[PDB]
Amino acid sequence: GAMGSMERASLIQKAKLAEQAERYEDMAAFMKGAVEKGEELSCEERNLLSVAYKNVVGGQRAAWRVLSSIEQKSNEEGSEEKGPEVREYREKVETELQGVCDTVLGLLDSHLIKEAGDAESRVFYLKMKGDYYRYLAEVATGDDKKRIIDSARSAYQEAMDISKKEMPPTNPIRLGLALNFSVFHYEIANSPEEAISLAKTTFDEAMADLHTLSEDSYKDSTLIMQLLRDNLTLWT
């Protein structure tokens, strides 16, 4: 690792600096280096890791979607043959995206998940595992597409099972997990009814638990609840 000679604390400090500078590729590289020190991550560190790679892959996904749309248009009946270039460049971005997802999944498998025993860490990492298999599923087309989808489903399901046993319904990790698993159902699994049911049940169970919360926790939970409602409005 190019970060192997840097102190763990220095890597975390630089990840925070990279975030302020909106240098998310650097942020992800720093946080990868921190993970590879082998120690468990704190709550703040887990979120630094997630923010970094979410921003990197989010940009890749946005670019892939633009290029896929151009490619599909170039292949419609009536278009001018524009050569292999659009496909080639879409493939290049796709391969880079898959590489980032494989990197994150590799960090989770070696060895973040196996050492994560507390609900807040284990659910967080299993949600990430579901998320990065979901991004792989968004671009998958071959012999392994079904297996990628099932890997996302399985990770999300284990996270859900733990979250329902160990966290209150307003816990923001539980809410964000359900938000994303609901999107998985809608966009990946072709299961819009499951997506809607999950979002609605999650929202209602959180609503009924808000009375237990401080003002700051209320803000955290209701922000994610609004995203659930936003998706339900999109879908119904």
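What we label the rigid core is the largest C-alpha set whose atoms superpose within 1.5 Å from one form to the other. Numbers for residues come from their place in the sequence shown, where the first is 1.
S.K.: Following superposition on the rigid core, is the mean squared CA displacement, expressed as RMS, greater for 23 to 31 or for 207 to 215 in 9 other deposited structures of this protein?
M.R.: Taking the RMS over all superposed structures in 9 other deposited structures of this protein, 207 to 215 lies farther out.
S.K.: Quick one: is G78 left out in at least a third of the other entries we compared?
M.R.: Yes, left without coordinates in at least a third.
S.K.: If you take the mean CA temperature factor per stretch, which one wins between 108 to 116 and 142 to 150?
M.R.: The recorded data point to 142 to 150.
S.K.: With reference to the PDB entry, specify whether the mean Cα temperature factor is higher for 133 to 141 or for 79 to 87.
M.R.: Between 133 to 141 and 79 to 87, it is 79 to 87.
S.K.: Name the residue from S197, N190, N55, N180 with the greatest C-alpha temperature factor listed in the entry.
M.R.: By C-alpha B-factor in the record, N190 ranks first.
S.K.: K73: which third of its chain by C-alpha temperature factor?
M.R.: Highest third - that is where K73 ends up once the chain's C-alpha B-factors are sorted.
S.K.: Hey, what third does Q13 fall into on Cα B-factor, ranked over its chain?
M.R.: It falls in the bottom third of the chain.
S.K.: Rank-wise, by C-alpha B-factor, drop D26 into the lowest, middle or highest third of its chain.
M.R.: Lowest third, going by the recorded CA B-factors of the chain.
S.K.: Lowest, middle or highest third of the chain for the C-alpha temperature factor of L228?
M.R.: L228: CA B-factor falls in the lowest third of its chain.
S.K.: Can you work out whether the C-alpha temperature factor of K165 puts it in the lowest, middle or highest third of the chain?
M.R.: Within its chain, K165 is a highest-third residue by C-alpha B-factor, going by the deposited values.
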